[PDB]
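Participant: Structure, please.
(chains A and B, ligands or ions: 2)
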Amino acid sequence: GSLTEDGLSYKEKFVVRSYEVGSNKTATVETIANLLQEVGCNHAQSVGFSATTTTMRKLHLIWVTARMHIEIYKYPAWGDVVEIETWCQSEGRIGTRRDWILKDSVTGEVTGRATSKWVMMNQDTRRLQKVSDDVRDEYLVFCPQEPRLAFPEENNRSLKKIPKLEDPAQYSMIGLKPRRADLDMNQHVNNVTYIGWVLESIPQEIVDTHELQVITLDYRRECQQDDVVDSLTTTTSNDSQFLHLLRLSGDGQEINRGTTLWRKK
Amino acid sequence: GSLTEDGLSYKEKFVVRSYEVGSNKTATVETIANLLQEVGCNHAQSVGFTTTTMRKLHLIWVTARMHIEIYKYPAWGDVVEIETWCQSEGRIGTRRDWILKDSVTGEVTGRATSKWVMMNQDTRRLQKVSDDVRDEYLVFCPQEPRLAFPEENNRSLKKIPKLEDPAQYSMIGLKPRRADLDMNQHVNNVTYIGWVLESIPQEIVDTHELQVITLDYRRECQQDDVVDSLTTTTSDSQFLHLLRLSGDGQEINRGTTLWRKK
Ligand SMILES: CCC(=O)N1CCC[C@@H](NS(C)(=O)=O)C1
Ligand SMILES: CCC(=O)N1CCC[C@@H](NS(C)(=O)=O)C1
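Facilitator: Numbers count the residues shown, from 1 in each chain, chains lettered A, B, ... in the order given. Ligands and ions are numbered 1, 2, ... in the order given. Below is the structure in question.
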C-alpha cells in the first residue's frame, strides 16, 4: 500500500485468503472489517502515528470508535484482489471520521463502502472529551479540506439513531467470552469481535438464504477479557432488517447496539 | 506465491498484519498456523486440486497431527517467506512440511510438519488410500525424502499421553463462532490451537515465548458442541494439554507445549 499523489488518502490491495471466506466462498464481513482496520493502521503509519499525536501521548489521550457503518454490494471471492482507499476528516470538536471505498482490482467497480466516527478519550479514566485546538492542528494537514464523504446522500443510513432492543428478544446467543485471538497488541477486545458476536444471534436459516448488505453498529462500552456477553436480535420488518443488542451476561450493562439489513441471494 | 523451479514445492511471502500480532508486537502462533494452511491451500490450487478422483468415492484428507517449532515470531510489518511440500508416508497417509524464513536475512525462523490421513467424509471412517490414488499425487512430491524435522528421535513423532484428572489449569465453556468455521462449516484446525492455549495461565504467556506445540487430532468438534480445555505443568516450561466435550468428556484433542523465558 501507499499514500495517493496528494497524500490526503491511502490505497492498499489485498488478496482474499482461504481461511477468510464463508460458506458462499466469498470473504466474510468480519474479514472486510479486519482489512479496513489494517488499511487504516498503515495510513497512520505512513504519515507518522502510533493513532496518537505528540500532544495525545503527553496527556494520556486515545482515539476510540463510537460508530461503525459498512455497506457491501459484492463480497470478494477467495483469490480475488480487493483495493481499499481510506482517508480521515475532522468533525469539529466532536472527533474524527474515517471513510473507506472498496473496489474490484480487475473491473474497478465499487463493491463496498464504510464510515466510522472516532472520539477523543482519556486512556486511564475512560472519560470522553472534545478535540482541543492544539491536537486538531497536528492532524488537519493529513485530511482533505473540502468534504469527501463515502456516504454523502441527503438521508443516509449511517447517521440514523439506533433504538434499544426490548425484552424478550426474538433470538439470542448466550455465554460468549473472548479468547486471546479476540484481543489486540494492547490486550483490548478487537472492535471486529463485536461484529461477530452481534451476528451470532442471527438465525442460521437467515445466513444460509440471505447476504448481509448493511451493518450499523454503535459502541457504548468496552468488553473486558474476563467479561461474558449476551447477543440479542429481533426482526424489525424482499429484505430483512434486524435490531441488535450486546450486553454483559450478569448485570445487563449495555456495551453495543446495532442494525443489520439482509437481501435474498 | 508460486511453485519452485522443479514444481516439487511452493513458496509464498506474507506481510504481517496489525490484527495478527500479540502483546509483544510479533505474530501469534495462530496467525502462523493460518499462514501454513493458506500456503498449503495455494500449493494444491497451483497443481489442480480437496483432492482428485477420491471425489466420487467421497474421501477427504484430514489432519491427524500438527507440530510447529518457532525460533523467531515475525514482527508487525515484516515479510515472512514460507516454503511447503508434500510426501507419501508409505500407505499410512501423507505428510506436509513447512519452512518459515526471514525475507530480509534469509534465516529459518520456524518450521512445521503435519500428518494427514484419509477418511470417508460421510461415515468418518479412517482407512488407508488405494494404489490408484497413491499415484495421482506422487508426481507432485519429491521422490527422495525431504524432512523439515529429520533428527533421529525428534519431538514431532513422540507419543502424547492422556491428561489425568484433576488438571492443574482449565478454561471451560468454549464454543466456536462463525469466524471459527471454514467454507464447509467445519471448525478449522487453527481454533483447536487457540482453545488449547486458553488454559495456559496469563503469567506464563506474559513471561514466556511459545517455542514448540505438538497437537494430536482425535475427533472433530461440531458447531453446536462445547469444549473444555485442560493443562498441567510437566516440568523451560513444558505442559500437557487436553480438549474434551463439556458434557460426556469425549476426547477431541491432546497435546504438549514448550515455552522459553523471554
Ligand atoms: C492517516 C492518519 C490520520 O490522518 N489521522 C487523522 C486524525 C485521526 C487519526 N485517524 S483515526 C484514529 O483513524 O481517526 C490519525
Ligand atoms: C500440492 C498438493 C499436494 O501435493 N497434495 C498431495 C496429496 C495431499 C494433498 N495435500 S495435503 C491435503 O495438504 O496433505 C495434495
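
Participant: and stretch A:85-104, how far apart are its ends?
Facilitator: Taking C-alpha to C-alpha, to the nearest Å, stretch A:85-104 runs 12 Å from one end to the other.

Participant: list the buried ones in stretch A:209-218?
Facilitator: Neighbour counts using 16 or more other C-beta atoms under 10 Å in any protein chain shown place A:210-218 of stretch A:209-218 among the buried residues. Placement of C-beta: from N, CA and C, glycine included.

Participant: Alpha carbons only: can I get it in CSV?
Facilitator: Output of stretch A:209-218 as CSV, limited to C-alpha atoms (Å, rounded to 0.1, in the frame of the first residue of the first chain):
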residue,chain,number,x,y,z
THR,A,209,-30.6,-17.8,2.5
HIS,A,210,-29.5,-14.1,2.7
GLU,A,211,-26.5,-11.9,2.1
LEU,A,212,-25.5,-9.1,4.5
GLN,A,213,-26.0,-5.8,2.8
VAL,A,214,-25.7,-3.2,5.6
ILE,A,215,-24.5,-3.2,9.3
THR,A,216,-24.6,-0.1,11.6
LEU,A,217,-23.0,-0.7,15.0
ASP,A,218,-22.8,1.8,17.9
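
Participant: List of residues touching that stretch?
Facilitator: Stretch A:209-218 is contacted from outside by A:24, A:29, A:66-73, A:75, A:157-158, A:160, A:162, A:194-195, A:198-199, A:239-240, A:244, A:256-265, using C-beta atoms under 8 Å, 6 or more residues apart in numbering or on different chains.

Participant: at 7 Å instead, please
Facilitator: Residues outside stretch A:209-218 that contact it (C-beta atoms under 7 Å, 6 or more residues apart in numbering or on different chains): A:29, A:67-72, A:157-158, A:162, A:194-195, A:198, A:240, A:256-265.

Participant: Okay, and which of these map to helices?
Facilitator: Counting by DSSP state H, these place A:29, A:194-195, A:198 in helices.

Participant: The residues you listed: which two are farthest apart?
Facilitator: Across those, no pair lies farther apart than A:29 and A:194, at 12.0 Å, counting by C-beta to C-beta.

Participant: Comparing the two, which shows the higher neighbour count?
Facilitator: Neighbours per residue, other C-beta atoms under 10 Å in any protein chain shown: of residue A:29 and residue A:194, the larger number sits with residue A:194, 27 against 21.

Participant: So the more buried one sits against residue A:257, correct?
Facilitator: No: counting by C-beta atoms under 7 Å, residue A:194 stays clear of residue A:257, with 10.6 Å between them.

Participant: now, which of the ones in helices among the contacts of stretch A:209-218 lie close to chain B?
Facilitator: Among those, no residue lies close to chain B (C-beta under 7 Å from any C-beta of the partner chain).

Participant: Residue A:117 is in contact with residue A:97, isn't it?
Facilitator: Yes: counting by C-beta under 7 Å, residue A:117 touches residue A:97, with 5.6 Å between them.

Participant: Please identify every residue contacting each of the two.
Facilitator: By C-beta under 7 Å, 6+ apart, residue A:117 and residue A:97 have these common neighbours: residue A:91.

Participant: Quick check: bridge partners of the spatially most central residue of chain A?
Facilitator: Using C-alpha atoms, centre = their mean, the residue of chain A that lies closest to the mean C-alpha position is residue A:68, 3.9 Å off. Note on residue A:68: beta-bridge partners by DSSP bridges are residue A:116, residue A:217.

Participant: Can you give me every residue that contacts it?
Facilitator: Shown in contact with residue A:68 (C-beta under 7 Å, 6+ apart): A:116, A:191, A:217.

Participant: And for residue A:69?
Facilitator: A:114-116, A:158, A:216.

Participant: rerun that using 10 Å as the cut-off
Facilitator: A:99, A:113-117, A:150-151, A:156-160, A:214-218, A:258-259 (C-beta atoms under 10 Å, 6 or more residues apart in numbering or on different chains).

Participant: Same question for residue A:195.
Facilitator: Residues near residue A:195 by C-beta under 10 Å, 6+ apart: A:28-30, A:32-34, A:68, A:70, A:212, A:215, A:217, A:256, A:258, A:260, B:179.

Participant: Excluding chain neighbours, what is closest to residue A:258?
Facilitator: Nearest residue to residue A:258, sequence neighbours excluded (C-beta to C-beta, 6 or more residues apart in numbering or on different chains): residue A:217, at 3.9 Å.
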